[PDB]
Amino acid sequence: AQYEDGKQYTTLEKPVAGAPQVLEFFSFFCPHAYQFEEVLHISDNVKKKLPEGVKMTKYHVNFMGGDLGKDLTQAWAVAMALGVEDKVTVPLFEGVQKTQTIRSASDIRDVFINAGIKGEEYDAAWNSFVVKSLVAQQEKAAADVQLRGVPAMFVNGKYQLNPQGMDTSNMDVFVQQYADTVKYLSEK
């Protein structure tokens, strides 16, 4: 039936209430996440095919990169609150994996400052109640789905995307099967 459980997606054993409709997990430390985001542009293509009223939620995770990973989760919370995801995603990916010039919390801050977010603004967001709660939000969502690895995507807290079960003969076909699967699951 073109979409089968256990193929293009799997079904969570214990679904998550109150989860975002479409939730993606990633790490700035994970090469596959870099691929997912800047090479295959999966997020952007999934977004393009989402039904009306359905937002694409993206959360960062802690388990890679030690203390810096946790610092990056807090930084992503800042990016979310200020709405500057599209201005920091690439230079954070490149700073960690390409140039490897992100070695401390201060280096993360430097990226935001060069992207146009002022130091006073960044530090205020960093210490804000909203970023504090967004950090907990990202951590809880990961625990709630019993996250095993990144990148990963979840629909309505019930469905885990399974690209390993999709057609990968060509990348354009693959990305569109991914987006269509997300779209299908969102109406399910």
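When you see a residue number, it is the position in the sequence shown, counting from 1.
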*asked:* Quick check: 165 to 173 versus 21 to 29, which has the larger average CA B-factor in the record?
replied: 165 to 173
*Report the stretch with the higher mean CA temperature factor, choosing between 147 to 155 and 120 to 128 on the basis of the entry.*
120 to 128
*Would you mind checking which of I42, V135, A142, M64 has the top Cα temperature factor in the PDB entry?*
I42
*asked:* How does the C-alpha B factor of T89 compare with the rest of the chain: lowest, middle or highest third?
replied: middle
*For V111, the third of its chain into which the C-alpha B factor falls*: middle
